[PDB]
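The chain below stands alone and is given as structure tokens, in the form deposited in one PDB entry.
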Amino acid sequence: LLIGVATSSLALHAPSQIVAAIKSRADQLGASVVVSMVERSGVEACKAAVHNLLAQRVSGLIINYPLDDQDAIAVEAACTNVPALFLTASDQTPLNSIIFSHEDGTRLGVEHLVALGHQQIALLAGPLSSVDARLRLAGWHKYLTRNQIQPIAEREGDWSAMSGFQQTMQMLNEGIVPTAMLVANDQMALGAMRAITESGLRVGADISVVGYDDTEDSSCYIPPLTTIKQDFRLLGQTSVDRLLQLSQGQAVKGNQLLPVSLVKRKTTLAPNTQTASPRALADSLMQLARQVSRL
């Protein structure tokens, strides 16, 4: 009894964790797992990945790749008589899915920051070609708009830590300086955190930052990142069981949602109007300046 998994061939952290989670469950059920990987490139890429898994004589599919609603339906088409469970959707996808509430993760983030009293807030989305990123960005916009705040700046990365840094620097070097940032995944946050820091500012204290995923490394970012936990362990367990129900011709054939949670660590703080004095401010320097003469 064998299950096929298709996944972005792109070595990001969450997709890695998700695939671990899936294996972990299947182990407990004694179902074997095989993985094919999807060469970026959208929907035709995925249609091919599927065809391998099918050739493998699998008993069911788990599509762990982010697809447009139109693209998903196409991919479902390929699964000729094979139960297929997608880990993308949006709201009224007429396919079998499990995804986390994005509606929650965005609310939570925004509500957390707004409660701390931040008004000058900025957004750092994933690559908007990806529907993940699109939804999360919409969510933020919605709940900010719903709290009479329009974000002071938005920007798009690609999920990488380094894209996080580059956008956050570009923004700061334009002289746009928020007191808080909503970031679309934990790797981009890390990069944004460095950008802040190297820009002579303090994470939390000066610019608060809020991640999205609570991937493993995040609890140990410096300082430990406040972020939206999506429980991938859970998503694995869930989807496998769901898929097995599906192959028995008896399931909640349709969309399904999983909860998220805020994880408050040390990157979020009431915005400090950290108003230092004119004459002692120039002092920090009037020593600094001398130190070089020593050199």
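Just so we're on the same page, rigid core means the largest C-alpha set that superposes within 1.5 Å between forms. Note that residue numbering follows the sequence shown and begins at 1.
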item	value
Segment of higher mean CA temperature factor, 156 to 164 or 75 to 83	75 to 83
Mean Cα B-factor comparison, 208 to 216 or 86 to 94, giving the higher one as deposited	86 to 94
Highest-ranked of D27, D231, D241, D69 once sorted by CA temperature factor in the record	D69
Options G236, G42, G60, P259 - largest CA temperature factor per the record	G42
Where the record places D186 (Cα B-factor, split into thirds across the chain)	lowest
Within-chain third of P127 by Cα B-factor, per the entry	middle
Third of the chain's Cα B-factor distribution that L2 belongs to, per the entry	middle
Third of chain Cα B-factors occupied by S9	middle
CA B-factor placement of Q56, once the chain's modelled residues are sorted into thirds	highest
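This protein has a second form, the form deposited in another entry, left out of what is shown; the following refers to that one.
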{"item": "Large Cα move at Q256 between this form and the one not shown, threshold 2 Å, rigid core", "value": "no"}
{"item": "Core-aligned C-alpha movement of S32 between this form and the one not shown, 2 Å or more", "value": "yes"}
{"item": "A55: Cα shift of 2 Å or greater between this form and the one not shown (core-aligned)", "value": "yes"}
{"item": "Note on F165-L10 C-alpha separation in that other deposited form, which departs from the shown form by 3 angstroms or more", "value": "farther"}
{"item": "Cα distance between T197 and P278, which in that other deposited form differs by 3 Å or more from this form, closer or farther", "value": "closer"}
